[PDB]
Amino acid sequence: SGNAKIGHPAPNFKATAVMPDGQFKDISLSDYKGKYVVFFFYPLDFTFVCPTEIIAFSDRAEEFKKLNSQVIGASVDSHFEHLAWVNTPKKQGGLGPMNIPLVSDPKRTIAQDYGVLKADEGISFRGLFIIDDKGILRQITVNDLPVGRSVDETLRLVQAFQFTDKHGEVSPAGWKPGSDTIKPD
């Protein structure tokens, strides 16, 4: 998958994005060093699909927050398009106020970097990558266009990498087997 390899640092990106507050910011994956990152791609902005996923991720942002993880959404649209889609209310199809930032991939190099570009129509597949606090990549999930992603599954994954992480801060056990310690016969 692109230049995204498991065990290796995430392919960095800088792009311009819309933030939970509305204003553009100009951010990079590196700003997030020190937190887990859930980085996901969607096809494009004004899908006649009611945007089940992004909304669901924006909606349980707190749960990610307490796992010290940041959720970021990407699509090859301009950030103008993202801004536009955010201000469109959820009743007449739109995203509404996001609790999560939205990256814009107009040159489409991030999609390639992450090996998720549909060459022909030039959009991203439904990709999602988990990167840890040290900027390493832990898991790759890519879906063909018609099938959404599960928030619970993403949480289960983050919680499991963090479970394994946290268990590596361990102190010498101060204990050894010995004849004292044998379980006889």
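Residue positions are given as counts along the sequence shown, with the first one as 1.
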Item checked: Residue range whose averaged C-alpha B-factor is higher in the record, 147-155 or 119-127 -> 119-127
Notebook entry, point to check: For the stretches 106-114 and 67-75, which has the higher mean C-alpha B-factor as given in the deposited record?
Noted result: 106-114
Checklist line | Ranked against its chain, the third holding the CA B-factor of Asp45 | finding: middle
Next item on the list: Tell me, lowest, middle or highest third: where does the Cα B factor of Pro51 rank within its chain?
Entry: highest
Checklist line | Third of the chain's Cα B-factor distribution that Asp165 belongs to, per the entry | finding: lowest
Margin query: Ranking every modelled residue in this chain by its Cα temperature factor as given in the entry, which third contains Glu62?
Written below: middle
Notebook entry, point to check: In terms of the CA temperature factor given in the entry, to which third of its chain does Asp26 belong: lowest, middle or highest?
Noted result: highest
